[PDB]
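Student:
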Amino acid sequence: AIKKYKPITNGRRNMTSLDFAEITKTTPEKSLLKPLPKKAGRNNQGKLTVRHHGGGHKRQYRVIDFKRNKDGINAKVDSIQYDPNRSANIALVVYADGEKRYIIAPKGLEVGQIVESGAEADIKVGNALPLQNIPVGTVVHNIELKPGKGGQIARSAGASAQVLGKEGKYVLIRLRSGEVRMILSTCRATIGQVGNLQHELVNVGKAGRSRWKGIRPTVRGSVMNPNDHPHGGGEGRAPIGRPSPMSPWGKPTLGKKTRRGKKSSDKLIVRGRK
Amino acid sequence: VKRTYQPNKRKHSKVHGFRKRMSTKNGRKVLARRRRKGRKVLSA
RNA sequence: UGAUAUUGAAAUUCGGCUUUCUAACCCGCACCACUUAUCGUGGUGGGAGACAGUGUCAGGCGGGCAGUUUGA
RNA sequence: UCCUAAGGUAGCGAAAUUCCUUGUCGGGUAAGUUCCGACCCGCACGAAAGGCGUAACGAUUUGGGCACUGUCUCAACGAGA
RNA sequence: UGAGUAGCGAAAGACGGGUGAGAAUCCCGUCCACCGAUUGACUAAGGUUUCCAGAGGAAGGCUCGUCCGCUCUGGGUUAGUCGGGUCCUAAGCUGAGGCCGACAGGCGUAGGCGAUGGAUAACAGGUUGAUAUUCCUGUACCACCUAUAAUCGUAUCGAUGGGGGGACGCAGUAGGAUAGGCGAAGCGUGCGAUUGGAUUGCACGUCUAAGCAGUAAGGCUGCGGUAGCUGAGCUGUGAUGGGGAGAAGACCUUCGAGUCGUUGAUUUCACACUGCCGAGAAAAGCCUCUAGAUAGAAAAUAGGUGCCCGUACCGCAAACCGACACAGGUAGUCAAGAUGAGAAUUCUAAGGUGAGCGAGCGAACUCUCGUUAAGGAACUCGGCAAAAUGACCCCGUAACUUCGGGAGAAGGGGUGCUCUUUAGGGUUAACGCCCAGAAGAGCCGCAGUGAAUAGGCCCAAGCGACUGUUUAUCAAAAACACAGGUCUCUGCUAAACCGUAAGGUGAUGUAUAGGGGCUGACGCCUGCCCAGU
RNA sequence: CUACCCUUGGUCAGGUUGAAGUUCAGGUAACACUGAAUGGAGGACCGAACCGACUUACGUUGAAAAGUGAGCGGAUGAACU
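Chains B and P are the protein sequences, given in the same order.
Position in the first sequence counted from 1, then plus 1, gives you the deposited numbering.
Position in the second sequence counted from 1, then plus 1, gives you the deposited numbering.
#1: Just the Cα atoms here: how many angstroms apart are B/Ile91 and B/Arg63?
#2: Under the three-state reduction of DSSP, which class applies to P/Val31: helix, strand or coil?
#3: Measure the alpha-carbon distance for B/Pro249 versus B/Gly222 and round it to whole angstroms.
#4: Below 8 Å, can you find three or more Cβ-Cβ pairs linking the stretch 5-20 of chain B to the stretch 200-212 of chain B?
#5: Tell me the rounded alpha-carbon separation between B/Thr219 and B/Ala106.
#6: Bridge partners for B/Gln61 per DSSP, in chain order?
#7: Taking 8 Å as the cut-off, does the stretch 236-245 of chain B touch the stretch 81-88 of chain B (at least 3 CB pairs, one atom from each stretch)?
#8: How would you label B/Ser161, buried or exposed, when you count the other beta carbons within 10 angstroms and need 16 or more for buried?
#9: At which residues does the alpha helix (DSSP H) containing B/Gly209 begin and terminate?
#10: Would you tell me roughly how many angstroms separate the C-alpha atoms of B/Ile24 and B/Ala89, rounded to the nearest one?
#11: Could you check if B/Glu145 is buried or exposed, using at least 16 other CB atoms within 10 Å of its CB as the buried criterion?
#12: If I measure Cβ to Cβ from B/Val137 and keep anything under 8 Å in the same chain, skipping five residues before and after, which residues do I get?
#13: Alpha carbon to alpha carbon, how far is P/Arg29 from P/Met23? Give it in angstroms, no decimals.
#14: DSSP puts B/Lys5 in a beta bridge; with which residues?
#15: Buried or exposed: which applies to B/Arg102, given that a residue is buried once 16 or more other Cβ atoms fall within 10 Å of its Cβ?
#16: Going by the CB atoms, is the gap between B/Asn143 and B/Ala158 shorter than 9 Å?
#17: Tell me, please, whether the stretch 263-272 of chain B touches the stretch 176-188 of chain B by the rule of three or more beta-carbon pairs shorter than 8 Å.
#18: Under three-state DSSP, which class holds P/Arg20?
#19: Could you name each continuous beta strand (DSSP E) segment of 3 residues or more that falls completely within the stretch 160-224 of chain B, going from the start of the chain to the end?
#20: With burial defined as no fewer than 16 other Cβ atoms inside 10 Å of the residue's Cβ, what is the status of B/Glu236: buried or exposed?
#21: Among B/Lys40, B/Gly149 and B/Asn128, which residue has its Cα nearest to the Cα of B/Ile216?
#22: Tell me whether the beta-carbon of B/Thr191 lies closer than 9 Å to the beta-carbon of B/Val141.
#23: With distance defined between alpha-carbon atoms, name the residue in B/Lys59, B/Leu93 and B/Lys150 nearest to B/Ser32.
#24: Give the secondary structure of B/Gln82 by DSSP, where H, G and I count as helix, E and B as strand, and everything else as coil.
#25: Straight-line CA distance for B/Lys71 to B/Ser118?
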């Protein structure tokens, strides 16, 4: 499911693209769209705070349902569509009363039925259930941290978590990065794994294909002047020259840990990523 | 070639106009200096 | 990174680091009213909790930034 | 036989790097301090401030040919400002 | 002083009349010359009376001047419909309370302001020295008022709200029409300069909106969601028993003039249909829904009312920006004939223009162009400059390749004119008009893409893969960027960043994610040391 | 004016090359793999407008405080406005 072009021109030589064979509707929902102007990484003061941002193709924002709020009502998958705002696809479900919403498209899901309720919904891809009703050993995605705020973890293309043994008020979970921590049992989660697993196997091919995505060139700090970067400039090509590589603002950027010294989450983390 | 000054009626009044000098304390101190000196034109 | 003020309980314990409980304090958490706007205020739940945040004092790191010296 | 935390591997090499130096030996010229192919005595090449190769691309640097010509041997005449 | 020296700002002018004190320079006329994807015709920004007429020559105009974008005097801009306000909204800018700050003041909610976009009712002629969709003539339309007649009401008007609609990217080919072109005797001129002509040679061949008809192609089938529908270029009557009209009988006068078949055809009229991945504002007008309000003449009659601002002139230029009457710069629209793929090239049309110093002579020298005997890079740091190659058709073409390329490789042959001919075609009752080929036989010159316009090529090395980017004004490169690779930090009030307060970017994202360092397609590889920092 | 960005508009005569996919007919236990058409992808090709500034000549009390003549590069996009 990965189209590979022919070397007819340079740049397009080793370029690859997706297949989009899983899409069934190339037109969004007119009632669930909103404008989304570009910021270009500039602050409310009008100044640039984040570099390498600007340009890109015009986009519209789709409203997603990260909370899954309803009482045992059964929905049906209407179609799978393309979303330019995230790495994964989205599915349009219709409920038995007429309400239409958007949800992240799990892996290997077709037009069927979905339910969102605790203690009654079954353990099958699509249903959202609290961590209390999830047995140890399941793969979940779109996990929440605060009751009623919305899922925020494992929301990328081909992402998911694994429910380890429960311990009283909290449940142990293993995130994609490899970390292990505890989350309240009252937090919701969805069964399955986010689809579109062949998204990271793409080859952009040329520099122009990344320009209309919203990324600007990145100048190396070693080719700058002394008053512009700690790496400054000498006569010809020069080595680092310092005991440790610096950042554009004068801080070590190799193996220096930037996590804050004291926080509430420290008690809920068992072992960091490895 | 293209010269530095390109006239524009609207942009000239929005940047150096009378109403924009009164919107700021520093701008008001400009009209107080021109009044104290006897200028015939205060703004624009 | 420590001392002290904001800052109160109970027990373990060869003028005390630690399990422990709600009542201060905190919540870009939820539902309501002002109000057919959730910026803000208030009330009820949930989470956390004498920690964090904040003031004063002290020690360390600190060409990121500043003022200067570098003889005949 | 001394010393060191270890004493440069593959590849490449008078090179955008070789001071001695126009190194030496083979090509191209009637005549080549440049150019191409080889020899390692590498002052002072060397593996991601990467090493060695590479089709297609270049108003890039370099050497040799065909065609052409007032660039030249060596100048002459005509038109306009 | 230099010195009566430099210069007088790209270019074709000549003669005959007129005016006047004074004419190479002003006015009129006839020839000639230049532009013509234009130096022509319309319009935004900007300028602000430079616009018209009569009267003037001190100064300004690089000479002159009787003339002027200069001086004096008096004049010139007319809108219910065209462009903006009593309509909407993007970015952004301001915001009652509110949050945060030594003072000032910094953020921000509801709400407002803000086009370069959305909505929205007039067209064709005529007229002045100076205005024209505005004035005038002839025919229309929109909103709002007043009175009087059709259904003999248990109809009507609806939100401040709800749901539809408005509503949107790029590329590609085909098709239906219509503008503007071209050729034929449908009408008016007129037929003779110098040798023979008389199916001779010129010029014309039009007409709005609105309102009624039916109309290529397009999409779509039994209040919102759940389980003979809508839009549509063009055509044709009439409007028009008018208007315009090349010319005619008469040397702002009155008056009966022709409007036809055929060809070729858009870059104009549809994001329509199709495909693709980078996945393509908003709001109001508009049509519905019931809350409620509890009472008419929007298909129709006859009369009334409709405000504010801009409107002159220049606008690739002597009026705009440049100190100048300055080889420079300045958005958009209309786009003729012959040649041709063409908006290229040469000559012309409509319509403009002859440049604000001249007259002589024909030295040196400098600048811009054209030829040159016999040699052909002997020149020079270096083939710098110049020369040569150049379009179309037809044969044919190597080593290397990442199999796409290299390649227009390299090379070679055809090209005008007349005639004699034969089962390609498009459009049509025939006929005719248009487009397009293969043969054979002849003629002329030194030369037939006879002028203008249009790649020199080849054998070997260094660097960077490639398109791209950079020192406005001495460096365009081997420098920067790039796709790819690798290390490292960050579990979400994330790290990082601005303010280092509030509030924000990151991101309406969540490790297939975001920030930072070093390398720089692709192929084969990337060894040893951790004493020091 | 210049550098980057935000919202909303406009512009690029003409010609050439022929990717994926699709279709019919031979293939084949099924695929594979072939052909002839259709099809119109590309920081693709030639070349005006437009945007740039590589070489050279002239001009340097210049027409111009950075221009002019003749050649030159890109020209459906990391394009110009």
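We put the beta carbon where it would ideally sit given N, CA and C, even for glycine.
Tutor: Per the coordinate set shown:
#1: One-based indexing of the first sequence puts residue 91 of chain B at position 90. One-based indexing of the first sequence puts residue 63 of chain B at position 62. So the alpha carbons of these two residues sit roughly 9 Å apart.
#2: Here the question's residue 31 of chain P lines up with position 30 in the second sequence. Residue state for P/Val31 is assigned as helix, using DSSP reduced to three classes.
#3: Reading the first sequence from its first residue, position 248 is the one you call residue 249 of chain B. Reading the first sequence from its first residue, position 221 is the one you call residue 222 of chain B. When rounded, the distance between both Cα atoms is 7 Å.
#4: yes
#5: By 1-based counting over the first sequence, the position of residue 219 of chain B is 218. By 1-based counting over the first sequence, the position of residue 106 of chain B is 105. Roughly 34 Å separates the two Cα atoms.
#6: Counting from one through the first sequence, the residue named residue 61 of chain B turns up at place 60. Paired residue(s): B/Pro36.
#7: no
#8: Indexing the first sequence from 1 puts residue 161 of chain B at position 160. Answer is buried; the Cβ neighbour count reaches 16.
#9: For the purposes of this step, residue 209 of chain B is taken as the residue at position 208 of the first sequence. Its alpha helix (DSSP H) spans residues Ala208 to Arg212.
#10: One-based indexing of the first sequence puts residue 24 of chain B at position 23. One-based indexing of the first sequence puts residue 89 of chain B at position 88. Answer to the nearest angstrom: the Cα atoms are 12 Å apart.
#11: In the first sequence, counting from the first residue as 1, residue 145 of chain B sits at position 144. Buried is the call here.
#12: In the first sequence, residue 137 of chain B corresponds to position 136, counting from 1. Answer for B/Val137: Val164, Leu165, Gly166 and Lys167, listed in chain order.
#13: As a working mapping, residue 23 of chain P is identified with position 22 in the second sequence. As a working mapping, residue 29 of chain P is identified with position 28 in the second sequence. When rounded, the distance between both Cα atoms is 5 Å.
#14: If you number the first sequence from 1, residue 5 of chain B lands on position 4. Paired residues: B/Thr17.
#15: On the first sequence, residue 102 of chain B is found 101 positions in, with the first residue counted as 1. Looking at its Cβ environment, which holds 16 or more other Cβ atoms inside 10 Å, B/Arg102 is buried.
#16: For the purposes of this step, residue 158 of chain B is identified with residue 157 of the first sequence, where counting begins at 1. For the purposes of this step, residue 143 of chain B is identified with residue 142 of the first sequence, where counting begins at 1. Against a cut-off of 9 Å, the Cβ pair of B/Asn143 and B/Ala158 comes out as no contact.
#17: These segments touch.
#18: Taking the first residue of the second sequence as position 1, residue 20 of chain P is located at position 19. Helix, per DSSP.
#19: 162-168, 171-175, 181-185 and 189-192
#20: Numbered from its first residue, the first sequence carries residue 236 of chain B at position 235. Exposed, since its Cβ has fewer than 16 Cβ neighbours within 10 Å.
#21: Residue 216 of chain B sits at position 215 when you count from the first residue of the first sequence. Residue B/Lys40 is the option with its Cα nearest to B/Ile216.
#22: By 1-based counting over the first sequence, the position of residue 191 of chain B is 190. By 1-based counting over the first sequence, the position of residue 141 of chain B is 140. Annotated as proximal: B/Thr191 and B/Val141, with beta-carbon spacing under 9 Å.
#23: Numbered from 1 along the first sequence, position 31 holds the residue referred to as residue 32 of chain B. Of the candidates B/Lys59, B/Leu93 and B/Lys150, the one whose C-alpha sits nearest the C-alpha of B/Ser32 is B/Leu93.
#24: For the purposes of this step, residue 82 of chain B is taken as the residue at position 81 of the first sequence. Strand.
#25: Within the first sequence, numbered from 1, the residue matching residue 71 of chain B stands at position 70. Within the first sequence, numbered from 1, the residue matching residue 118 of chain B stands at position 117. So the alpha carbons of these two residues sit roughly 7 Å apart.
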